[PDB]
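What follows is a single structure, written as structure tokens, with notes after it.
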RNA sequence: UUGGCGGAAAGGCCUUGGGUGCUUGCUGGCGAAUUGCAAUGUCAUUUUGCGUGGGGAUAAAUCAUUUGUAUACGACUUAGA
RNA sequence: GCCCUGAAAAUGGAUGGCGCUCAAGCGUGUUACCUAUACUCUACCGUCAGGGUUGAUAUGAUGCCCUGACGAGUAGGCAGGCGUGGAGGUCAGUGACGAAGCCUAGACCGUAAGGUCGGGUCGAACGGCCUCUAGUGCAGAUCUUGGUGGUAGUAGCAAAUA
RNA sequence: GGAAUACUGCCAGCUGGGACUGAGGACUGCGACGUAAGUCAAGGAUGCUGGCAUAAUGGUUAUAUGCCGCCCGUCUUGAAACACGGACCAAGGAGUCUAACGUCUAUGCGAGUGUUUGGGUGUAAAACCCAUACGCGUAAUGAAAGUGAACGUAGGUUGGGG
RNA sequence: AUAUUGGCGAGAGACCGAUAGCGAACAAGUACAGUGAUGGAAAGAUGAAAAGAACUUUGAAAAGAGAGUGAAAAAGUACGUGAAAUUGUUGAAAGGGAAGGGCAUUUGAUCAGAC
Ligand SMILES: [Mg+2]
Ligand SMILES: [Mg+2]
Ligand SMILES: [Mg+2]
Ligand SMILES: [Mg+2]
Ligand SMILES: [Mg+2]
Ligand SMILES: [Mg+2]
Ligand SMILES: [Mg+2]
Ligand SMILES: [Mg+2]
Ligand SMILES: [Mg+2]
Ligand SMILES: [Mg+2]
Ligand SMILES: [Mg+2]
Ligand SMILES: [Mg+2]
Ligand SMILES: [Mg+2]
Ligand SMILES: [Mg+2]
Ligand SMILES: [Mg+2]
Ligand SMILES: [Mg+2]
Ligand SMILES: [Mg+2]
Ligand SMILES: [Mg+2]
Ligand SMILES: [Mg+2]
Ligand SMILES: [Mg+2]
Ligand SMILES: [Mg+2]
Ligand SMILES: [Mg+2]
Ligand SMILES: [Mg+2]
Ligand SMILES: [Mg+2]
Ligand SMILES: [Mg+2]
Ligand SMILES: [Mg+2]
Ligand SMILES: [Mg+2]
Ligand SMILES: [Mg+2]
Ligand SMILES: [Mg+2]
Ligand SMILES: [Mg+2]
Ligand SMILES: [Mg+2]
Ligand SMILES: [Mg+2]
Ligand SMILES: [Mg+2]
Ligand SMILES: [Mg+2]
Ligand SMILES: [Mg+2]
Ligand SMILES: [Mg+2]
Ligand SMILES: [Mg+2]
Ligand SMILES: [Mg+2]
Ligand SMILES: [Mg+2]
Ligand SMILES: [Mg+2]
Ligand SMILES: [Mg+2]
Ligand SMILES: [Mg+2]
Ligand SMILES: [Mg+2]
Ligand SMILES: [Mg+2]
Ligand SMILES: [Mg+2]
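Protein chains in written order, with the deposited numbering: chain e, 2 to 130; chain Q, 2 to 186; chain E, 2 to 176.
What follows is the structure, given as structure tokens:
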């Protein structure tokens, strides 16, 4: 349903949790660079956790691409959906989390007419089911 | 690894584009940057570097400093380009005719040059007449005359000017400025 | 807008590929293989059986008989690398072989609606054979079999399957 | 099935005698395909639950009660149809 | 030269251990072999440098494209970014057909700051973008206030006769 | 007297096996083989064929196994320390505002410049308009009384972009 | 014409939004402590409306179970939403002197893309 594109290699798939985020509960899982002077993470000792850094950068050809080979462009309503009409082999409409069950059947039904990939096709609309 | 014989990734000291957001200014660049490419004309390169400068390095060029340069032998009919502002001077009297293309003219300065039967041109009307920059005299203002630099390299026996708020005889005229009190500088 | 509409979008035109320089040359077989040589099938259904090498097909495969009336292996295709060639030999001279090409061995076209419907529902749906193949199997064999009765023990040999015993170190054994 | 031998952890090793299947020692007649050009292309041995059919046997322990050769408490040691 | 005597320290004990005696010891020599984030080659990320191109000819000129080199880092400097309370503008933006909040070893995007969808709960308001403004981001301060554990069904509940 | 072989070196000599990679995306170039049209291993992978389409590959997650991995913050030449703080969790929590100034950048005007003390007006703390002053600048130098910047095309010499 | 953190009366705000903002959004200079001078808190939110659970049954009774009100009782005067520590039950997993992490795969669980 997309342009051909090179094969996508993520090149690092672990999530980079913060050091000690597991041990203490007060320490959240979002990444943070250890700034400490003694730190064994900051100093990169063998067998400690990886740090994020620009070398893990993703290929510019495939960046922001979903597995389907699409970019996902967030869509709040029917008149938004119609900005994508040309790029239908490129961008794939996502429907904004807060849209009502009633307006979604109208988005979906109108995006079927345009041949646009919808990435969350079963919303509250299968919740009518 | 390598032995580096010089600092790595070190970016050239030079302004690659005007730090101003003036739309019209960036247009001018768009013009000359294209000329610097597609003609040889060392002149155009000079102008492009000129557009980029900070205001401190585009000091005003007087009208009288233009008059002076037109009196250089064989220069009469050359058109004088100033990237920066041209300003008025009340001190000269009899002013030549010619043409002056600049970034900016103050009102008096413009009235001075047109009343002499001359002409005031912008940088682009300058490129239409002289794409190569044929027969043109580039001028620069006296950028070391700027006040601030009286203070530079301040130090003993340097003959430079102390940074100071207010001047009278009670301010830094006493000990170390004359041999009667201590030493002299 | 849920999300601000982007300033570019790329062009959906899919570019053609560059003119590639690769020519398909004739495949060159290793020295050991010559028509009439006896082969040892190293995998597949008939893996382990010893068989007789007839022709070299266009698709780089090997035409094979074995022949069927002996060890029960039919005419067939075999990939050249899945074989061990022995040093022993039979004359393939009096054998036709000029008929069989890649098209001859073409599988019947499989339908995506029928191979789901007839395979899942009927697991007792039974195989059959084209009357042709079974006759052109005969022809090959009557020339081959007549040749296999020349040398002593050969007939027993082909029927008997091959395998490695203890102490057998394949980097040694000559075949 | 007849006997023997094996206590080092013997749980196996020989032997008599008949019954029964195979026998490529040799000579034959049939069958094999399509698993489509390879995909381990599954065969082994461990427990445990139910199921059919037969042989087999038909108890204890703890608490509670109780002794004091015992005992912080459990534990130990006794007695009770 | 090797080996032995010379040669004695406190918990049990250290060629790292096991153990090795034409060695698995010492001296020497010859090859084969194992292995680093080093070197070579290729891919991708970023930075810097040098360079090409809107000439009429759709959607970024701070853009697209080409070639090369490089990449450790505390104190520290600069740059591009993500996040929060409010403000001007704008999507005639989202919303009782469920807004925000919380929950989720369910999914996707980003090197990451974080962003996005799905499900459950819930019941009234809230977001994207261009800009403005700050009482704007927490793991620590014997930090401050509130809440709750382990300790632990433990220490204990034994003066004054019953 | 006549050769051979080893050793060291060269071949723009010939051939078999093996593993990893397949970036790029019309054509432009350098070549090669050719009598010729053309073909090619010559500025980066294509051709043939099979199974499955369905939890199979891949993702996440729990776990096992090999190998590695001391507890964070901090002062310190040196911290896993038998140095200090830290039981646990939530909310709060620390380079701010102002007067005067320096360098730099941006914008306005430019020998001038600054409306907003005050006056006028107003859709009313906004916005719009303005007189005279005053500040800083256009002249220095002396403790001061005091004097006050063209012999020359505002000079000569050496470089110096254009 | 100038002053004005007091008193009375009005009008506002790029201010705070219940650990903030005055100490005090509530019976706050209250309760409470101290001989005294003084010191000085915590504490807002059921629902549109109490419609605040008649009646049956079990228990000595609080209550429980039904019943009913209500859009909702996953709003029951312990009351909007209801996080975390911490805790109970069920489920899944592992466990020879800690647990936790990194690299890689097996086993189990689980899930997107697919067209
Ligand atoms: Mg990721
Ligand atoms: Mg250190
Ligand atoms: Mg390097
Ligand atoms: Mg000794
Ligand atoms: Mg030892
Ligand atoms: Mg020793
Ligand atoms: Mg050693
Ligand atoms: Mg050793
Ligand atoms: Mg040695
Ligand atoms: Mg560049
Ligand atoms: Mg660095
Ligand atoms: Mg946001
Ligand atoms: Mg605020
Ligand atoms: Mg919601
Ligand atoms: Mg959780
Ligand atoms: Mg703060
Ligand atoms: Mg906080
Ligand atoms: Mg905290
Ligand atoms: Mg810290
Ligand atoms: Mg504390
Ligand atoms: Mg306690
Ligand atoms: Mg007790
Ligand atoms: Mg008591
Ligand atoms: Mg006591
Ligand atoms: Mg007593
Ligand atoms: Mg040699
Ligand atoms: Mg490719
Ligand atoms: Mg030719
Ligand atoms: Mg797998
Ligand atoms: Mg270790
Ligand atoms: Mg010290
Ligand atoms: Mg430390
Ligand atoms: Mg110590
Ligand atoms: Mg200290
Ligand atoms: Mg402590
Ligand atoms: Mg006042
Ligand atoms: Mg308060
Ligand atoms: Mg007192
Ligand atoms: Mg409440
Ligand atoms: Mg109410
Ligand atoms: Mg509700
Ligand atoms: Mg409660
Ligand atoms: Mg209450
Ligand atoms: Mg509640
Ligand atoms: Mg919890």
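Even for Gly, the Cβ is constructed at its ideal location relative to N, Cα and C.
Residue 87 of chain E and residue 139 of chain E have their alpha carbons spaced roughly 25 Å apart. One thing to note: residue 65 of chain E has its Cβ no nearer than 8 Å to the Cβ of residue 48 of chain E.
For residue 101 of chain Q, the enclosing beta strand (DSSP E) begins and ends at 101–106. Going by C-alpha positions, residue 56 of chain Q is about 19 Å away from residue 66 of chain Q.
When DSSP states are grouped into helix, strand and coil, residue 95 of chain e belongs to the strand group. Under the Cβ criterion (8 Å, minimum of three pairs), the segment 6–17 of chain Q does not count as touching the segment 81–92 of chain Q. In this model, residue 31 of chain E and residue 84 of chain E are separated by some 11 Å (Cα to Cα). At a cut-off of 8 Å, the C-beta of residue 6 of chain E has a neighbouring C-beta in chain e.
The segment 127–142 of chain Q and the segment 45–61 of chain Q touch, with no fewer than 3 CB-CB distances between them shorter than 8 Å. Annotation for residue 29 of chain e: 19, 22 place their beta carbon closer than 8 Å to its own, counting only its chain and skipping 5 residues before and after.
Chain order gives no chain E residues near residue 2 of chain e, where near means a beta carbon separation below 8 Å; the closest approach is about 12 Å. The Cβ of residue 102 of chain e sits no closer than 8 Å to any Cβ of chain E. For residue 91 of chain Q, the closest of Q:103, Q:78, Q:109 by C-alpha to C-alpha distance is Q:109. Per DSSP, the continuous alpha helix (DSSP H) segment holding residue 144 of chain E begins and ends at 132–149. Here the segment 92–99 of chain Q does not lie against the segment 174–182 of chain Q, with fewer than 3 beta-carbon pairs under 8 Å apart. Not one beta carbon of chain e lies nearer than 8 Å to the beta carbon of residue 17 of chain E. Put simply, the CB of residue 23 of chain e is far from chain E, with every gap to its CB atoms at 8 Å or more.
When Cβ-Cβ separations below 8 Å define contact, residue 74 of chain e makes contact with chain E.
In the assembly as shown, residue 38 of chain e is an exposed residue. Its beta-carbon has fewer than 16 other beta-carbons within 10 Å. Between the alpha carbons of residue 102 of chain E and residue 117 of chain e lies a gap of roughly 48 Å. A distance below 8 Å separates the beta carbons of residue 119 of chain Q and residue 99 of chain Q. Taking 8 Å as the CB threshold, residue 77 of chain e lines the interface with chain E. In this structure residue 160 of chain E is in contact with residue 72 of chain E, their Cβ atoms being roughly 5 Å apart against a cut-off of 8 Å. When only Cα atoms are considered, residue 157 of chain Q and residue 186 of chain Q end up about 6 Å apart.
Listed along chain E, the residues sitting closer than 7 Å to residue 97 of chain e by beta-carbon distance are 3. With a cutoff of 8 Å on beta-carbon distance, residue 19 of chain Q and residue 28 of chain Q are scored as not near each other. Here residue 57 of chain Q carries a helix assignment [DSSP, helix/strand/coil]. For residue 35 of chain Q, the three-state secondary structure derived from DSSP is helix. The beta-carbon of residue 54 of chain e is placed no less than 8 Å from the nearest beta-carbon of chain E.
For residue 147 of chain Q, the CB stays at least 7 Å from every heavy atom of ligand 18. The secondary-structure analysis by DSSP pairs residue 57 of chain E across a beta bridge with E:63.
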